[PDB]
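Asks: Residue numbers (my numbering), protein chains in the order written: chain G, 1 to 188; chain D, 1001 to 1053; chain Y, 2001 to 2155; chain Z, 3001 to 3260.
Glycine is no exception: its CB is placed at the ideal position from the N, C-alpha and C atoms.
Dumping the structure here so I can ask a few things about it.
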Amino acid sequence: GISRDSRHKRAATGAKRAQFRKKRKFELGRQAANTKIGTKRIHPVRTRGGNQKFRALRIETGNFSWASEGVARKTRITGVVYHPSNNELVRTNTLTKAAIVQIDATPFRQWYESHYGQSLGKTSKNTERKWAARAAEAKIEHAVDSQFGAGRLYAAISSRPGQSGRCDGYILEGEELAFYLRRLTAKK
Amino acid sequence: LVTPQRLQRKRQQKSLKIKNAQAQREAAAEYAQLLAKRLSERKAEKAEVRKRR
Amino acid sequence: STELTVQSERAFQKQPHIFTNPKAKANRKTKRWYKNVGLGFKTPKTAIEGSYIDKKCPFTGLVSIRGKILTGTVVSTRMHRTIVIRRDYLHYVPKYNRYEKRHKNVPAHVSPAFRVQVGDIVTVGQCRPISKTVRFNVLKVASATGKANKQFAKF
Amino acid sequence: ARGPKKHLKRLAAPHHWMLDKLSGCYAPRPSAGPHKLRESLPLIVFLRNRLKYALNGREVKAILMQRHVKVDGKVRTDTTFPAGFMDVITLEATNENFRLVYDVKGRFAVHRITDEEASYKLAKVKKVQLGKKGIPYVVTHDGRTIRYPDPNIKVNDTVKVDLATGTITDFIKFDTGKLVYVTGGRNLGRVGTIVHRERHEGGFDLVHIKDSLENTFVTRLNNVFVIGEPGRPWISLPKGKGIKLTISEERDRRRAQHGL
RNA sequence: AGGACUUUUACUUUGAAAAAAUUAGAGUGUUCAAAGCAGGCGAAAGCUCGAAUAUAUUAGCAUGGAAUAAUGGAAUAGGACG
RNA sequence: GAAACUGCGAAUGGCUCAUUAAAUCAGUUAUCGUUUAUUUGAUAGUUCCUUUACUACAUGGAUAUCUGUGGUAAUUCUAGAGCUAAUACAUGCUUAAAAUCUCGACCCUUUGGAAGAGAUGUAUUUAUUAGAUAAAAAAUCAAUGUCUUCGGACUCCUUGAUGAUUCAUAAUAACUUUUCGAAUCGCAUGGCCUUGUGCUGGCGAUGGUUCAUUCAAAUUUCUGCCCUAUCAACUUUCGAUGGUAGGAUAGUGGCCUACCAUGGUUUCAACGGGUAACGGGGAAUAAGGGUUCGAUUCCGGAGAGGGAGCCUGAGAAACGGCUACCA
Ligand SMILES: [Mg+2]
Ligand SMILES: [Mg+2]
Ligand SMILES: [Mg+2]
Ligand SMILES: [Mg+2]
Ligand SMILES: [Mg+2]
Ligand SMILES: [Mg+2]
Ligand SMILES: [Mg+2]
Ligand SMILES: [Mg+2]
Ligand SMILES: [Mg+2]
Ligand SMILES: [Mg+2]
Ligand SMILES: [Mg+2]
Ligand SMILES: [Mg+2]
Ligand SMILES: [Mg+2]
Ligand SMILES: [Mg+2]
Ligand SMILES: [Mg+2]
Ligand SMILES: [Mg+2]
Ligand SMILES: [Mg+2]
Ligand SMILES: [Mg+2]
Ligand SMILES: [Mg+2]
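Put into structure tokens, the structure is as follows:
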């Protein structure tokens, strides 16, 4: 019943438009997903023209991507620490798009270990020659190593759990991460 | 129930799928050869333009 | 009317899906994406090397210019990131064979790449519905001043 | 209306079906198909009205059902099939073959055309795109999707579908000095040569056309259909070849060619 | 067919567009007419011309013109060219 | 060939003009801002996952119709029992090759180069990359690739469309409470002889993913509305104008939320009031200019007593569809 038509809004001038027609079905709006953490529970909704949509309330784990070396891994979302729209979602741990969450960060860790093996936080000849060809080029910046030692990664979600049903995003990295720490240090 | 007509339909479906795949790959190969021919022609034209200029 | 900080608000301001690799050592400013709206409209150099973001930039944002092209005069530049353009015309009353001066107020969304002020004639172009009322994106500030190009007088 | 509309009142039918304003409340609404209903022609209109082979709806139904109509080499047993421009209608009875081309008055005239050329069909390229797995394809005005076309076939161009295999046989490239047909507006049925094609950056291309009688007009590019090279049309043009004789010239034709 | 600069209009000619019905109007002995889009001609042995055109005066698009009416250049030269 | 299950339409058509004064509507645009049953044209080997143990010559259970027992005063009211089917509901099999990615039982001193092993269809979601292109030559260090007729040469690099794109498309990494990839029907049942129920085999009918096309649907740009100032300021705490992010949407959009800015219209009549106002194509009237009418044969819009709410579907806020309040 939640309409999104422009009729109920006043005109640009400000006049109160009289009711022209009772609100249609191609103008409907549905309830907010306001997703949570834990015990995956996705509800399908049959929208216009079939095309199943998936409400992703109570989602615990999802895919997350690392842009620098560009590798994606399934990992667990562990709480939300910042939301650019409403901090009330942060206090209620409501997970929507562009929210900022923490990551278990292990899968990235042993992927790094089996990929470069730099022993963060502080063999076959083929692998050794691959590492030699790499030539310690894995000079990833210091702050991500800091939270790797902490163990929880700072990721920003990019998928829309309200529509898609998935929980995908990317790690804050580069100046991105910097900016948000400032905001987080404002919270701190 | 298993009927020779049902087996005939199954065989027809399988054969149609295989034949369609073969035809599609043949068309793709022919298009690739046509692209190669056109590329050779315009590369020869470009070489002639470079030589004359 | 533009903040010195390139992002001032709570959310970060990025151009979506253009990524600058910090692991690489090129260390240029950023990777700024841009496009030309066509119709023989020159993208401003202030947009080409600018550092604003303006999601609804015809030159850097996702919005595309298509449809009507309207030339008008700025009547209100004093509401954020947007312009209010006065378009004047003559309606032809035929019962008298006489014309009638009339005006309409077209809201639009001027990119930070342009420096506008009250009185500049502006070429603006149609786009998607950007807000409740704005549907046009400013594409050219033809008359930057008009009669204020020469200001002082020192012989 | 809430949903699609499925009735076409008689006055609302196009003035090119040119039916009788009396003797019926409704008109045959063309079912969904290869052509726009405003531009198409239902089979019932083509048989009952244009050809008079039938008498009414039941007769057209019986004709179509027994599989004597063949639209572009296919049966098309539905009464309101939208047989559009340049389609080929084959009747094995009377062994007759028709190709739908507008007569210069601007109407789907009955064009009895030979069997040998009835094998193929002409078409206008409306889109050239790259479908899945990087496969180029071309969409004609019929909605035919021809896969793997010639690499230098572009939009607005014309092609010669063999209509048996449904693949590309030959094509004509759009450019100045080329025989052309018109398929919309006042210039329906007119045939000429492209003199100039003014670009008009921002949309709605226009082309200037000069016919054999040395008359000149201008028409939209969406409205244009290249038909061959001057003096060598790729199809059999209808009677009159679309010169658009003036009303006084038509009167002189009536007076001069007159035998009773 | 490409980079390049485009003073901007108002005005006016031409064209594309303004659904059919309606109005106008061409052809046609519905027995005349209102109408209708029919019909006509063979030897009677299938052969046929049709279903014409114009207007809509506003808004938009293209186009030729540059009188009439308005705006803009170079005055601190920060002007134009090489 | 009743009945019933299945499928499809029932959202078309028909009627009325109550509401509605930038609202509808008309002309003209846009969707590079979206959904689209159907019709038409194309469209997929991978469902194997360690393939040296499986139903693919066909996997499972219900269920109406029906047989019988009832109830209620009655309604297209149906509870209990017993069988039974599918293009209903569920599962699920083949099946190639090729190439590309990744991981190595070793050697032999570099130009290191190789036995071999797993994944890759499509669909979804997210990150990243390619998606070029105004024009002739260089040197140089840094890295290191082919051939070397051991000087060194590097000569060859493929790229579609629009006016414009993050477009079309392709590629890598991953993701999925893992969509589709025919366990379906009719007719004719030919050919090969590996002469057996063996191998193949035509014309269709229904389905079916995606992309187009069509019928469309939603929004959408400019301009145009009757009377009234005895309606001059109107709108914003409750969105009023804009910004950003999110939610919702099929999709853009204060459409909604959170935080900001204080904005938007107006003497070119905004806002308010009236309309015994649905808009238009048109009708009457006729020197020319006009005046009045247009509920109604066509196109749009809205409504089903007034109101709200919603299931099914591609399409309804449906009403000869349901839910509730009011009458
Ligand atoms: Mg209706
Ligand atoms: Mg008309
Ligand atoms: Mg008359
Ligand atoms: Mg009012
Ligand atoms: Mg890119
Ligand atoms: Mg894309
Ligand atoms: Mg938004
Ligand atoms: Mg009225
Ligand atoms: Mg009323
Ligand atoms: Mg009316
Ligand atoms: Mg009334
Ligand atoms: Mg009506
Ligand atoms: Mg209704
Ligand atoms: Mg009543
Ligand atoms: Mg249905
Ligand atoms: Mg209702
Ligand atoms: Mg009723
Ligand atoms: Mg009804
Ligand atoms: Mg009911």
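(1) Residue 1030 of chain D by DSSP, collapsed to three states: which one?
(2) Given that residue 3201 of chain Z touches chain Y, what residues does it touch there, using C-beta distances under 9 Å?
(3) Considering just the uninterrupted stretch of the beta strand (DSSP E) at residue 3197 of chain Z, what are its terminal residues?
(4) Given a threshold of 16 other Cβ atoms within 10 Å of its Cβ, counted over all protein chains shown, does residue 3183 of chain Z qualify as buried or as exposed?
(5) Do you know offhand how far residue 3014 of chain Z's Cα is from residue 3241 of chain Z's?
(6) So with CB distances below 9 Å, who are the chain Y contacts of residue 151 of chain G?
(7) For residue 11 of chain G, does the count of other Cβ atoms within 10 angstroms reach 16, so buried, or fall short, so exposed?
(8) Quick check on the DSSP output: the beta strand (DSSP E) that includes residue 142 of chain G runs from which residue to which?
(9) Look up residue 2076 of chain Y in the DSSP assignment and give the residues it is bridged to.
(10) Any chance the region 3238-3254 of chain Z sits against the region 3221-3230 of chain Z, with 3 or more Cβ pairs inside 8 Å?
(11) Taking Cβ positions, are residue 3121 of chain Z and residue 3157 of chain Z nearer each other than 9 Å?
(12) Does the contact criterion of 3 or more C-beta pairs under 8 Å hold for the region 131-150 of chain G versus the region 22-34 of chain G?
(13) What are the partner residues of residue 63 of chain G, as DSSP defines its beta bridges?
(14) The region 3145-3164 of chain Z: which residues have C-beta closer than 7 Å to a C-beta of chain D, in chain order?
(15) Which of the residues in the region 1028-1049 of chain D, read from start to end, lie with their CB under 9 Å from any CB of chain Z?
(16) Can you tell me where the alpha helix (DSSP H) with residue 182 of chain G in it begins and where it stops?
(17) What residues are listed by DSSP as bridge partners for residue 2107 of chain Y?
(18) Using the beta-carbon of each residue, which ones in chain Y are nearer than 9 Å to residue 12 of chain G?
(19) Grab the span of the beta strand (DSSP E) containing residue 3220 of chain Z for me, first residue to last.
(20) Relative to the C-alpha of residue 3036 of chain Z, which candidate in Z:3071, Z:3082, Z:3130 and Z:3003 has its C-alpha closest?
(21) Within 8 Å, do at least three Cβ pairs link the region 3126-3134 of chain Z to the region 3144-3158 of chain Z?
(22) Given a threshold of 16 other Cβ atoms within 10 Å of its Cβ, counted over all protein chains shown, does residue 2060 of chain Y qualify as buried or as exposed?
(23) Against chain D, with Cβ distances strictly below 9 Å, would residue 3135 of chain Z count as a contact?
(24) In terms of residue numbering, what span does the alpha helix (DSSP H) encompassing residue 89 of chain G cover?
(25) Bridge partners for residue 3183 of chain Z per DSSP, in chain order?
(26) Alpha carbon to alpha carbon, how far is residue 2151 of chain Y from residue 172 of chain G?
(27) If I measure Cβ to Cβ from residue 1994 of chain Y and keep anything under 6 Å in the same chain, skipping five residues before and after, which residues do I get?
(28) For a contact meaning CB atoms closer than 7 Å, what does residue 188 of chain G contact in chain Y?
(29) Look at the alpha carbon of residue 1026 of chain D and the alpha carbon of residue 3148 of chain Z, and state the distance between them as a whole number of angstroms.
(30) Suppose the cutoff is 6 Å on Cβ atoms and the five residues either side in sequence are ignored; what does the same chain contact list for residue 2120 of chain Y look like?
(31) Who are residue 3225 of chain Z's beta bridge partners in DSSP?
(32) What does the alpha-carbon distance come out to for the pair residue 118 of chain G and residue 103 of chain G?
(33) Given a cut-off of 9 Å on the beta-carbon distance, is the pair residue 149 of chain G and residue 121 of chain G in contact?
(34) List, in chain order, every chain G residue whose beta-carbon is nearer than 9 Å to that of residue 2020 of chain Y.
(35) Between the C-alpha atoms of residue 3256 of chain Z and residue 3130 of chain Z, what's the straight-line distance to the nearest angstrom?
Replies: Once the coordinates are examined:
(1) helix
(2) 2038, 2039 and 2040
(3) 3191-3198
(4) buried
(5) 23 Å
(6) Those do not exist, as residue 151 of chain G stays about 22 Å from chain Y at its closest Cβ, beyond 9 Å.
(7) exposed
(8) Where residue 142 of chain G is concerned, there is no enclosing beta strand (DSSP E), although the alpha helix (DSSP H) it sits in stretches over 142-150.
(9) Y:2084
(10) no
(11) no
(12) no
(13) G:74
(14) 3148 and 3151
(15) 1028, 1030, 1031, 1034, 1035 and 1038
(16) 175-187
(17) Y:2084
(18) 2105, 2107, 2132 and 2133
(19) 3216-3220
(20) Z:3082
(21) yes
(22) buried
(23) yes
(24) 87-91
(25) DSSP output for residue 3183 of chain Z lists no bridge partner at all.
(26) 50 Å
(27) Here chain Y has residues from 2001 to 2155 only, and residue 1994 of chain Y is not among them.
(28) By Cβ distance, chain Y contributes nothing, its closest Cβ being about 16 Å from residue 188 of chain G, past 7 Å.
(29) 11 Å
(30) 2074, 2141 and 2143
(31) Z:3181
(32) 20 Å
(33) yes
(34) 174 and 175
(35) 56 Å
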